[PDB]
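Single-letter residue listing:
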Amino acid sequence: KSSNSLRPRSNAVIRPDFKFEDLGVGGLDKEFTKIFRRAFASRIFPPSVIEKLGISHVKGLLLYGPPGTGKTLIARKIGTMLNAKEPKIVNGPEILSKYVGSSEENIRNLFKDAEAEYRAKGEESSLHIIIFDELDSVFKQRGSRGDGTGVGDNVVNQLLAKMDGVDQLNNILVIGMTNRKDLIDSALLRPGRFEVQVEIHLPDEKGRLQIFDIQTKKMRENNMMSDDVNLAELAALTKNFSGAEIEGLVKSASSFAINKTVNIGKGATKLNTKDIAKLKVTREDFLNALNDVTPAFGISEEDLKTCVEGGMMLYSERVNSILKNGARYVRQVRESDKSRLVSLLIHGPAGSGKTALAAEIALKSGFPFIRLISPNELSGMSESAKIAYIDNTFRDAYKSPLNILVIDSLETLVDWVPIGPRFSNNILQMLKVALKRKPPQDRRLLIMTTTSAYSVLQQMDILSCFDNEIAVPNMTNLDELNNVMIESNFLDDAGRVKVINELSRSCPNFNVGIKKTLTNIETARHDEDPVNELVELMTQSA
Amino acid sequence: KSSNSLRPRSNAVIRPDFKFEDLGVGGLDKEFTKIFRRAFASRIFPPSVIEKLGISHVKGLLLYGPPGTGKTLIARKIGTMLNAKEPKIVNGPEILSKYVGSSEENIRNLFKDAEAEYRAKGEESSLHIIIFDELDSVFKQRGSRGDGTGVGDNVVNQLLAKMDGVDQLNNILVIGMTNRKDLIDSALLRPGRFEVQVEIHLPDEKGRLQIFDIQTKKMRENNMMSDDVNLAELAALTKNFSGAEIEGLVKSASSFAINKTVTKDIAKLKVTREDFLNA
Amino acid sequence: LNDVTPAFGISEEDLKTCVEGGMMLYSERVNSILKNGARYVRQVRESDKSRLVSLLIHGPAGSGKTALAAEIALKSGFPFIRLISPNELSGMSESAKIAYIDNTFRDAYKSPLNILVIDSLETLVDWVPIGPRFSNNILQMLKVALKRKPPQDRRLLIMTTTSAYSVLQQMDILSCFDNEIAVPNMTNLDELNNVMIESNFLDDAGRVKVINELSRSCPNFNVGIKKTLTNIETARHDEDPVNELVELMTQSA
Amino acid sequence: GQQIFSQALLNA
Ligand SMILES: Nc1ncnc2c1ncn2[C@@H]1O[C@H](COP(=O)(O)OP(=O)(O)OP(=O)(O)O)[C@@H](O)[C@H]1O
Ligand SMILES: Nc1ncnc2c1ncn2[C@@H]1O[C@H](COP(=O)(O)OP(=O)(O)OP(=O)(O)O)[C@@H](O)[C@H]1O
Ligand SMILES: Nc1ncnc2c1ncn2[C@@H]1O[C@H](COP(=O)(O)OP(=O)(O)OP(=O)(O)O)[C@@H](O)[C@H]1O
Ligand SMILES: Nc1ncnc2c1ncn2[C@@H]1O[C@H](COP(=O)(O)OP(=O)(O)OP(=O)(O)O)[C@@H](O)[C@H]1O
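Per the PDB entry, the recorded name for chain B is Vesicular-fusion protein SEC18, and the organism is Saccharomyces cerevisiae.

In the nomenclature of the PDB entry, chain A corresponds to Vesicular-fusion protein SEC18 from the organism Saccharomyces cerevisiae. If you open the UniProt record of chain A and go to Subunit, you find "Homohexamer. Binds to SEC17." Word for word, the UniProt comment on chain A under Subcellular location is "Cytoplasm".

(A) Highlighting the sheet that holds strand β8 (residues 446-451) of chain A. Residues and elements named next belong to chain A. Read across the sheet, five strands follow the order β6-β7-β8-β5-β9 without closing on themselves; strand pairing throughout is parallel. Strands at the two margins of the open sheet, each flanked by one partner only, are β6 (370-373) and β9 (468-471). Here the strands of the sheet are splayed against their neighbours by 20° on average, with no regard to which way each runs. Inspection of the sheet shows strand β5 (residues 342-347) paired to β9 by four bridges, in the parallel sense. Counterpart to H347 in the pairing with β9 is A471. The strands touched by helix α13 (residues 318-335) within the sheet are β5, β8 and β9, with β9 carrying the most contacts at an inclination of about 160°. Packing against the sheet, helix α14 (residues 354-365) makes contact with β5, β6, β7 (404-407) and β8, and its axis sits at approximately 165° to β8.

(B) Focus on the site of ligand 1. Around ligand 1, a shell composed of 17 residues is seen, among which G26, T69 and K71 of chain A together with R190 and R193 of chain B lie nearest. Two or more chains meet at ligand 1, and those chains are chains A and B. With respect to ligand 1, the side chain of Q215 of chain A contributes an N or O atom lying 3.5 Å from a nitrogen atom. In the environment of ligand 1, an oxygen atom lies 2.7 Å from a nitrogen or oxygen atom belonging to the side chain of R193 of chain B. Notes on ligand 1: free accessible area 630 Å², of which the protein chains cover 90%. Elements that contribute at least two residues to the shell around ligand 1 include exactly α3 (71-79) and α10 (243-259) of chain A. For the shell around ligand 1, the class distribution of residues is four nonpolar, eight polar and five charged.

(C) Highlighting the interface of chain D and chain B. Across the contact, six residues belong to chain D and six residues belong to chain B. Summed over both partners, the interface of chain D with chain B buries about 510 Å², with 57% contributed by carbon and sulfur atoms. Looking at the side of chain D facing chain B, the largest losses of area belong to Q3, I4 and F5 of chain D, adding up to 82% of the total buried there. On inspection of chain D and its partner chain B, the count reaches zero salt bridges. Counting across the interface, chain D meets chain B through three residue pairs in polar contact. Here the residues of the side of chain D that touches chain B are counted per class, giving two nonpolar, four polar and no charged.

(D) Examining the interface of chain A and chain B more closely. On the side of chain B, 44 residues touch chain A, which itself brings 45 residues to the contact. Approximately 4200 Å² of surface area, both sides summed, lies buried where chain A meets chain B, with 61% of it carried by carbon and sulfur atoms. Scanning the region where chain A abuts chain B turns up four salt bridges. Put simply, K218 of chain A and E51 of chain B hold a salt bridge, and the shortest N to O gap is 3.8 Å. The interface formed by chain A and chain B includes four residue pairs in polar contact. Considering each element in turn, the side of chain A that touches chain B owes the most residues, eleven residues, to α10 of chain A. Tallied by class, residues from the side of chain A that touches chain B come to 15 nonpolar, 16 polar and 14 charged.

(E) Representation of unusual backbone geometry in the model. Look at the link from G420 of chain A to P421 of chain A: it is a cis peptide, with omega at 0°. Here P421 of chain A is to be found in the loop between α16 (410-413) and α17 (425-434). Going from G131 of chain C to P132 of chain C, the amide bond is cis rather than trans, its omega being 0°. Within the secondary structure, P132 of chain C sits in the loop between α6 (121-124) and α7 (136-145). The phi angle at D415 of chain A is positive, at roughly 60°, despite the residue not being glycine. When its relative accessible area of 44% is taken as the criterion, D415 of chain A is described as partly exposed.

(F) Representation of the site of ligand 3 within the structure. All names here are of chain B. The local shell around ligand 3 holds 14 residues, among which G26, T69, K71, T72 and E247 are the closest. The separation between a nitrogen atom of ligand 3 and a polar main-chain atom of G26 is 3.0 Å. Taking 640 Å² as the accessible area of ligand 3 by itself, protein coverage stands at 76%. At the level of secondary structure, the elements contributing two or more residues to the shell around ligand 3 comprise α3 (72-78), α7 (205-215) and α10 (243-261).

(G) Representation of the nonpolar core in the model. Core analysis: the biggest nonpolar cluster contains 45 residues, and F367, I404, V406, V484, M485 and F490 of chain A have the highest contact counts within it. With six residues, α13 of chain A is the single largest residue contributor to this core. Discounting residues that sit within four places of it in the chain, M485 of chain A has contacts with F490, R496, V499, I521 and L534 of chain A. Within the second largest apolar cluster, 41 residues are counted, among which are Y26, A73, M196 and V242 of chain C.

(H) The arrangement of the packing of α7 of chain B against α10 of chain B in detail. Residues and elements named next belong to chain B. Running from amino to carboxyl end, α7 crosses α10 at an angle of 45°, the nearest separation of the two axes being 10 Å. As the angle between them shows, α7 and α10 are arranged oblique. Pair α7 / α10 crosses with right-handed handedness. From α7, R208, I211, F212 and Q215 reach across to α10, where they touch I246, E247 and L249. Of the residues contributing to the contact of α7 with α10, the split by class is four nonpolar, one polar and two charged.

Thresholds, definitions, all that
- Residues numbered from 1 in each chain as written, not as in the entry; some residues may be left out.
- Chains lettered and ligands numbered in written order.
- Part of a larger assembly, values for the part shown.
- Heavy atoms only, no water.
- UniProt positions renumbered as here; feature names shortened; annotations may be inferred.
- Pairing = 2+ DSSP bridges.
- Helix = DSSP H or I, 4+ residues; strand = E, 2+ residues; numbered from the N terminus.
- Axes fitted to C-alpha atoms, helices over the stretch in contact; angles between N-to-C directions.
- Contact = heavy atoms within 4.5 Å.
- Near = heavy atom within 4 Å.
- Polar contact = N/O pair within 3.5 Å; in protein donor to acceptor, adjacent residues only side chain to side chain.
- Areas by Shrake-Rupley, 256 points an atom, 1.4 Å probe, with all protein chains shown as cover.
- Nonpolar A, V, L, I, M, F, W, Y, C, P; charged D, E, K, R; others polar.
- Buried area = accessible area lost by both parts, 1.4 Å probe.
- Salt bridge = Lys/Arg side-chain N within 4 Å of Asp/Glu carboxyl O.
- Buried < 20%, exposed > 50% of the residue type's maximum accessible area, 1.4 Å probe, protein only.
- Core = buried A, V, L, I, M, F, W, Y, C linked by side-chain atoms within 4.5 Å.
- Parallel < 35°, antiparallel > 145°, perpendicular 65-115°, else oblique.
- Left-handed = near helix turned anticlockwise from the far one by under 90°.

Here's what the structure looks like:
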């Protein structure tokens, strides 16, 4: 019985012995404050005051985000760590049935126990929970293409009529999870139906540390982890890792440590009592495991590694100036708080080595998020598919507070050929509108785009999208050739001497470009390493 | 139940008597080490230690490669020599149906036995295996495929929700084979769903020698193979051959000999070098 | 008010974000154009038979037209305000673009008073001078929709911004605009300092030095305000002395 | 690309 003193409810929902360190979900910390204030705060105050304010409780919750982040974990923990009736779990398309009027009945049967208990008792009914998984499967926008059978509308209408209708009900809480909130109906996301909506993003570095400490907890307290494992270093090494890949990393390290004793296969499959009572996972296991789990958000970093497979030979002095300018621009975008969009153009003669310089700058920048768009990735697709790919890639870059994008060979992304001239207007317009849209509030971008047909871009009237130019002239003197040959190991010192001496006599205003020079050296290494072959090739190519 | 018990599992999952030399697959040695280390390594150690480490087992295995190079063979051998339950085979698009809502009910019926046995015997359950064949036929990227009635999205969502959902399973192992890995959905390859991905490729010279050795075995011990046949030379002449082509070569030479003999000369039947060279 | 957000008022925020850089009255022509816009708003509010008034705002690129139009729109206080810009239509197909434009125009005939703002007319039709290439269907849709009167006792004010006056002249689309406004670039070096005080770039002595140097070596000044602000922002963090600012200014001019 | 429902009659 409630005494005179205003003491908390008898059968509370959250109880007073609760703290966010007991759930077991690491990383997200502000989201939990928001969720636990908006929804589970009006069910703890004594019923009298909550009745004197004339407000009803919120009856909906939506969680959305990328794949492998923690949505279902939150749903599970919320469902089975409260004081309420058991959840009525429903998978994605687990509602549909074959007969004419059985799908809607399946959606109606979820609410009946709650209705009965609310009718019988009133405001003392225990909380009920039902959780919809993969919400974006059946509940799509009404009147859209698809669902030729008349099922896409009846289901949505039934759910709308049963969540806020002519008969009231305020002892339920329905929770839904999805990867795409742009397809859920528009009448399902208004106050009274799915009020609180929360986005769950990739973890921060300190978030990665928290997740790592959460996963390796039973391992540490049973004395099964070595003393040379430093979790901060592991958080540092993992860049594009989501919550669901740290688990894979830990379990791969455990497999490496296990496999030494019972060597599956071979003849060493015999378990020895001594060495399984002294098991210990060490640092080398984690470092080896780092080679198994490959993050899915960091594929482009491998292509930016491939781009520079030829190495940055610091011949000449102009290279250092270009790299310094790139570093300056990266620093400016990092520090300034008003410049939220910086775009560059890197133009020069064909074969001069632009993509390599752009890739080098981007790699040495050290940003969390780096991507690259190239003709290779778009081969064979159709126009609509290409536009869709470009739009998706540009949309993925609007999260996080620091971003870098490398657009390669602009003139060949629009199918240019000078006979007509022919080209694609749609792709050109899409890029022209994409390179001037500021990202959301509190974000920054740095777009570096290379080209080799400066004049064509001038004619199209697209030279206003960019902000600053960087020219890359090709080698002209004859000492640069000597430096390249020294760093390529073509001949002995004497050989370089003879080749340069002879070339002096039959080569005025030497002008080739590095990409061709390296190929000529490579092919000349077989036929006649003496002067003749290299001189002939460099004369015929210049 | 539990306590400190440093003794092998009650009903081990692999066997007391096993060795790669008798599996029947030749030319792939590194791949098998990787597979058996990552998948079947945590199912052999005593349950007490695995419980202490706070680990869960791997619930997927995808393996891909060009045509006719030994993928279905591995899927068959794994599912028949592991003291496990009877495999649940679904070959091709064998689930689609023409009644609304009955297409995915076939995907939810493959897991019923595993759930039923897990709910009763928690961690003493036997291993259940289900083999998906031609995985790329139905489980394409959701949202990109051409318009229709909306059955592709429902199938993909049903499998996604059943493989890793709000109710946990620790008995299931699911295997998938395909020739075009690019078409598979992006969310199915996340760790925890299809964690271990392996590639099977054309063999090199030693691989070709091993395949030849394990194909012509029952005709080498029955004393039905001549003494002038040398498998090293044959492994050297056949270049860029696959496993299926070597099997075809063997049975073609056998047919040559059998057709040649054609009353009771069958007692002396013997395959010779000339038959192999004509094949 | 930071937790609940409207669902229909999702386009006034974009208008509010177009004038984020802030308005500075570096001269008096700005006041005159704003007063003219306010006068037109008053006329459309008080009249009865003038149910449709259309304006054109034209000038050299980079002179800040969209911000000025958004500023006029936001100070009106009308119940209904909406904006169409290339950002909304990006990625759609031709039919989708036409449908979207038609629906937005049909949604402006409900409330008693309305304001509609069209941004960068030339880029809405995909104009590129190589061909010339452009989309005829969207042009005809817009041309038909800018002359249709709304139903009885409903008033609409349309403001469209363009930067290719000559191109519009060539298409012969110039008969469906009632009045025109021009926004010339800043041309007096003093105006630069008028902006400078508003931005607090450098000290007063530095301002005197920069203006004197540019007057020495910068006749016929022509920059545009957007470029000037970008240059000042760049010069804040690299080198406070005049060198960087003077170099950038003489480069743009 | 078509699907179908189904209805049911009782016994005579
Ligand atoms: N914040 C986190 N803290 C701890 N573990 C996490 C976290 N996020 C994810 N995990 C790990 O990821 C595993 C699987 O993640 P989860 O079940 O949340 O997938 P999901 O986000 O629903 O993915 P999908 O889009 O495929 O449905 C969880 O069992 C947990 O091990
Ligand atoms: N600054 C540089 N110093 C040394 N080697 C360089 C440099 N820039 C590029 N290279 C070499 O150039 C080769 C790659 O050429 P790259 O792709 O950059 O040429 P490109 O001019 O961008 O090509 P395209 O003709 O397709 O426009 C690699 O060997 C790379 O090492
Ligand atoms: N590595 C191998 N060692 C021995 N025999 C092999 C090997 N690979 C293939 N074979 C032979 O190939 C026969 C058929 O190969 P299998 O059915 O496994 O090919 P597959 O990769 O599934 O083909 P597909 O892509 O056409 O479906 C097997 O019965 C076996 O005889
Ligand atoms: N009178 C003004 N005084 C100060 N700042 C202004 C003034 N007018 C506009 N601005 C600011 O300068 C920029 C105006 O340029 P904006 O891009 O909006 O116009 P535009 O000329 O139509 O552009 P575009 O270059 O795309 O053709 C915005 O930052 C705006 O805040």
